[PDB]
């Protein structure tokens, strides 16, 4: 059968499937686009966050004021009005950072001496990395022993005294403090990553080159996350006074790109960092996507008329190569972020190259701009700044303005009109055609780089709306008291600025996200007004209505099963019906207990809200249900010292007898005790560490807690509607060793879930690990941007 | 993807019918004529029968033995394949796999159990054996259902455990054996969930 | 008819150096169109079967490389350049000239290569234990007799039930048990065990 | 004008006088003659190569890592030839102190 | 023409050729060896 | 069982924008096994044809990735995305349901899009030279006209003649034409241009 | 790689025979089917002949108008295809292609041009009257065979000159055309190899 009809069809189908899979793999290996998750920046002026950068760009403002008077510069003989005297600069102004002199060595594991030895560049890079990691939404403490690449772009320069002469207290740390490799080695060591760490020095085009490398390791597959950035800062006026010898610096210090009055390029300083991930991986895990990088190209200009002389053919070739790698055409680009350094000779060459590379096949004019007009030349910090500007403009749907462009140059020809200089803001709305942009960077060494950036896919739309009645806790942590106070003040301020936010979104973002730190605060407000009230109360200093407490290197909790003493319970049908964990575990144990003890689950767990024969089995049942829900809520137990019925409860929890079997044995105990009236576990009646198997039929306060504390467990948690013997334990807390805290579960008739919210808030208040995804799970809460960590900086300088 | 996810099974007395369903998904079911294969416990895989595609006629073929009691359905609307039982015997106890091709056996399913017998839920009997004269052990006597676990002094001993797969006797009741070795007291425990007659027994000359 | 395909039975392997399995035939499987109608299948321990090579020499998508088929229309071969620890199980040759294929055949077996070792024997008498009423049972047992393959007979035979473990994992030695049953006529007077690793047959009674 | 890359491992070192008080004959060439960025650029400038010419610093492994880069550029197809290498020279007795 | 093995055979052969070419390209793009042509050194001890 | 290629046989195209050619049929080209018997061929000017797409949509090895195809029961469409200037040529769509095949068919040719650029006229009669042996060419020399359509006639009412045209004028790309006439020697005692871009034919005596 | 270089040529008067050879290398010749197609100048391609493989043997299917005058053979020692034909006719002028595959025309080969009909080399005196008073065309009436070139004032003037293809007059005598296009000193004389005429003139009114 199947003669020549079915036999070959199956093989043909299999071969076609294999060919399709192989070609798909080829395409993925060659041209997989990458996605930008988050960005971080530090620019001259008051700019410290990308929002301020976009606000400055939209309002059209420059950030050039003068020179710094903090870094011990002479400032005086720096310009004898004769240009050619030794030690005479030419720039009477510029754009410089005002925060480089300050640092916070306490937050990191850094000693004041070696902190004084640390270069400002890596000093800024550490903060940039931490801020971008928090902005992405990934807890910075989760990235441990994982493949994550770091790529940095710097220029060595100099900071302090020479190594030969040494210092008085800081001698051994001089070498590591000033070295380009340590700039990324320190980041890798602090964050505990394991991917490649690379520092690249390729002049003003360094930063872009870095991201190019970050776009390759991700594509090949040697790393699953990349952090690429650049930095430039000046602790010495040497660069200006040496560049003035070439007479290439404009006096005032501005960039008049494509203007009739070009005089120089000026200098500045800054820092930028981006986080990159494969698009499929990022979308699989739900990480945010801001823009997509598709193709990059790096080239050299070859032999020219000197090292500083630029080339046009190389730029054209690199642009065409980037376009070919991206697999697009010259007509798919709407705007370009040209270099626009503002020099006399560079501008015509770059303009001609861009013309010949883009505008020959163009129906619509191409917009051109340069960020160096607003901020000046930032050396290696540039390149990434252009990328940030382009992505911000594309997201906001507006093209910003370029300054000092009202007087177009006279050495270039614009007869074709294919390139229109950006002098006024231009709307950039969404449409059928996706938006794309290109960024160029050229270095004085002779290396050129080009990149193409595209908008994120418009698939986020389609979110639904769901409501609920469960209130969720709010938590916030920091490493110092003032840090906690400032964080609370900033959160209250931001919540004041932006109204309409649901409590669920803020609760979820302040959930998994910010890391776990010594100083913690937690609460649970009904609405936002009382939330602001308690937040301002925390900001003032007196913590009332919330929970606080330091906890250094504490990660364990202890479950203790108290005996009788929580009587009258306060029947909670809401616990049984609202919580499904009860409605499963307690239901199972109850129907296990039903056949033996004639009493049903209907009669008194129906409750008349308005006898050891009955209570003890039901207290055991509700105890095991509560223990199950607690352990499912992320908090695991430890050795249990449960007394009386607590012995059977601990037997059930630690694995001595099964739920049905433990229920049956407690029913037998109740039936034999209703006549006379009228996993590591810690033994109670003997006081020893025992295995969970010896507990049998034959088996049926001070020294115990001393030994448990001496072991290393310093907290006690009892599952009871009313905490009993708490003071007895509490009095012991100061009596020996470290202090002891006991957390209640319920209150006097307060069976509402809000009581459990307070219990959880008190649990997190003192060194207890809680699985927040488990307690949130399904609520529809989505990520929401929040302010980053506020620091406490101090002056750290070392004069030469 | 191209998952299959079979369904059905259980235990049936001799002389009874059953339905087995194969749920094609993740691909076009139009022309992907499938087949059913059977694997007996302890032997190799032996082909049962394939159903052609509707493009070539939708006919089917069977290979002796089960020819008169086995039928195949080809519900195209839900992309479901059906195997229909008829008057099963004791020797047909095997794991059934639902394949994808007719000549080239592509992606396979996950398999069922389907056992045919006639017995009641009889518990175990416990059978500690005589000492080496050190090879102490506890064989378990007749018990009908499959899941039965054994251990020594509630799992405190781990080394030397040599529990062996059960076999089948004439009565249809199985036997489970396990031994340990240690120079010189221990109590063997068994669990029988369908019978819930967990017991303990120690052996000492 | 059929070509009665066959393979060189069991073949222990070791991690590292390569391995190969041949596959013979009686009638040439080279079709007139210029293709060979052969394929290979792999069954893992306690898992569904799998497809590796089809149409003489062609690797299906998803195969973790390292597998290469070759050979003319009579002397096919499947070779693995690198031998790991997870690619252990049963391997089957398969043809396609005859459409009514009834069985997959015996198939070759692979396992971890290990130095030859000798077993031990512990004859257990049918004591007055839970046997009690009319019945009988006797087990003499075996342990650590790598490589697998042995026989047990009783004299002074015909019915017995055997069981074998699965490699014991880390030590890589089999352990086997055999049982013989009787009703009442026992106590009228021993299993003997032969393994190629050990010497002239031994035995023990009572 | 041929595609050929250059990859050099380096560690920055101090050679001449400080930048703010340059000499009398060497004033405008101090920045160019000390930075590592041109350490490969000159190699591209003299021979007129047109390919990625980068400089990488990764401490004592900086040369070997450079090799790891070049092979990649060869396998992707970016360049047809590559020149990888490393060099260290100490002109002052400061490193050992 | 003859039965039906007059069009399926050529298509199968073409598919096999394309699959082999694609897999060869993947292998070359992943693990192509790199041949070293020449080396130069300058080392202590008079080595040049 | 007749297959025809719709869409304009000229089909002007420019670099950068995508192009699509759809080939129509008369019956369903879906075989019982589940495959479409459609193939695509490209003939560049001055070289042998090459295979582009086979079995509906399957790009052969060596073809640039920008080519693609879509199929159905009776409707098929070849599509490009980033056409270059080196893709100018003739395109053929083939069925394979009926093995006995014939001439490939008219096919579809492509060229670079341009403007209209109505032609010019250079009519004048012969007097002497090699024309003295007896013949007269009425070639008006339609010069530099992009649309291909141009018919001619004569009054000084028609008959046999010959046509001669060149390639797409290299850089100019304006399809110069010199449709000429051959006349006998002794029978003594002009063109009628009907180009799309014109409005009235012109004709000069003799 | 795959090589399909042809070997042969043709310029004969009607009545005799001719032989064409196709050479294959780089792949096995014992499985594929070779085919022969032809392309006449000015029109499209058409199928000529096709031969099966050894698995079926021979069984040629010469299309039409060639039965009894065309033959196809194959050789396996050197793997060479042959398209020997007899009794040529006027309508046989074309360029022939040898291709691999029966239905799917895979990688082709370079073409061999053949010609028919009887003619002799004659005077290549071309045409006067350049666009003076691009006038009528630099025609080459009464010339043979096809290979001929054109020139303009010793190859100094190049702009506006376009060379036009053949005309294929009623008989074997041929011609092509050329122009100048200078309407606001020029007369064209060409070089003919078989007739050995190398002339370039300048007179023009």
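By written order: A, B, C, D, E, F and G. Residues from 1 in each chain.
The criterion applied here is as follows: contacts are C-beta pairs under 8 Å (C-beta built on N, C-alpha and C of every residue); 3 or more make two chains touch, one makes a residue touch a chain.
Colleague: Any chance you could check whether D-E or B-C wins on number of contacting C-beta pairs?
Modeller: Between the chain pairs D-E and B-C, B-C carries more contacts.
Colleague: If you average the CA atoms of subunit A and of subunit B, how many Å lie between those two points?
Modeller: 51
Colleague: Would you mind pulling out the distance in Å between where the CA atoms of subunit E average out and where those of subunit F do?
Modeller: Chain centres of subunit E and subunit F, defined by C-alpha means, are spaced 41 Å apart.
Colleague: Any idea how many Å lie between the Cα centroids of subunit B and subunit F?
Modeller: 71
Colleague: Based only on mean CA positions, could you tell me how far subunit A sits from subunit E in angstrom?
Modeller: 42
Colleague: Can you list the subunit A residues in contact with two or more other chains?
Modeller: In subunit A, 1-2, 5-7, 9, 11-12, 14-16, 18-19, 22 touch at least two other chains.
Colleague: Among the residues of subunit C, pick out those that touch two or more other chains and give their numbers.
Modeller: 33-34, 54, 58, 96, 99-100
Colleague: Could you list which residues of subunit B touch at least two other chains?
Modeller: As it turns out, subunit B has residues touching two or more other chains at 31, 56, 61, 103-104, 106.
Colleague: Where do chains touch, given as pairs?
Modeller: After working through each pair, the chains in contact turn out to be A-B, A-C, A-D, A-E, A-F, B-C, B-F, C-E, C-G, D-E, E-F, E-G, F-G.
Colleague: Subunit F touches which residues of subunit G in the complex?
Modeller: Listed in rising order, the residues of subunit G that touch subunit F are 44-47, 61, 63, 97, 103-111, 125-129, 131, 133-137, 139, 141, 162-169, 176-177, 179, 181, 183.
Colleague: Which subunit E residues qualify as touching subunit A in the complex?
Modeller: Per the stated touch rule, the residues are 3-5, 8-9, 11-12, 15-16, 18-19, 22-23, 25-26, 29-30.
Colleague: Please name which positions on subunit C make contact with subunit G in the complex.
Modeller: It comes out as residues 32-34.
Colleague: Per the contact definition, I'd like the list of subunit G residues that touch subunit E in the complex.
Modeller: The contact residues of subunit G facing subunit E are 52, 56, 101-104, 106.
Colleague: Mind listing the subunit A positions that touch subunit B in their complex?
Modeller: My answer: residues 1-2, 5-7, 9-11, 14, 691, 693.
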